[PDB]
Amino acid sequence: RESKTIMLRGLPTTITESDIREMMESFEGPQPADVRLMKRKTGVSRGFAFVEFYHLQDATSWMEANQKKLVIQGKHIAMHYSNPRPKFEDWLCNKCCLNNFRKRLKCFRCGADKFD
């Protein structure tokens, strides 16, 4: 599927949330609605981030304009579409498309992780 939210996987753990957002600027395409680096309970990066866009085509054009040019520290970064993952709100599973309660960490149907 295609969506407004974009999942960047395999990011170097040494990379901070400010390093990403500054790099998000000066990129081609519509500037995103938000840039979300997922961190640990200690605060260290979990290695993946969420880049949300306002409309659908702003995400596809950004996916189209950067699915070859997103290299950081020499390592290519995987780029996948993802259902919206906003703070506090409900989330649709990416593996079985079921809508889950917001406080649910694992999926109700297939048990897939919220960020899997």
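Numbers for residues come from their place in the sequence shown, where the first is 1.
Higher mean CA B-factor, judged across 20 to 28 and 102 to 110 from the recorded values: 20 to 28. The stretch 9 to 17 shows the higher mean C-alpha B-factor when 92 to 100 is compared against 9 to 17 in the entry. Remark: residue 43 belongs to the highest third of its chain, ranked by C-alpha B-factor as recorded. Residue 56: CA B factor lies in the highest third for its chain, per the PDB record. Split the chain's modelled residues into thirds by C-alpha temperature factor. Residue 36 is in the lowest one. When the modelled residues of the chain are ordered by C-alpha B-factor, residue 85 sits in the lowest third.
Among the modelled residues of its chain, residue 49 has a C-alpha B-factor that falls in the lowest third, as given in the PDB entry.
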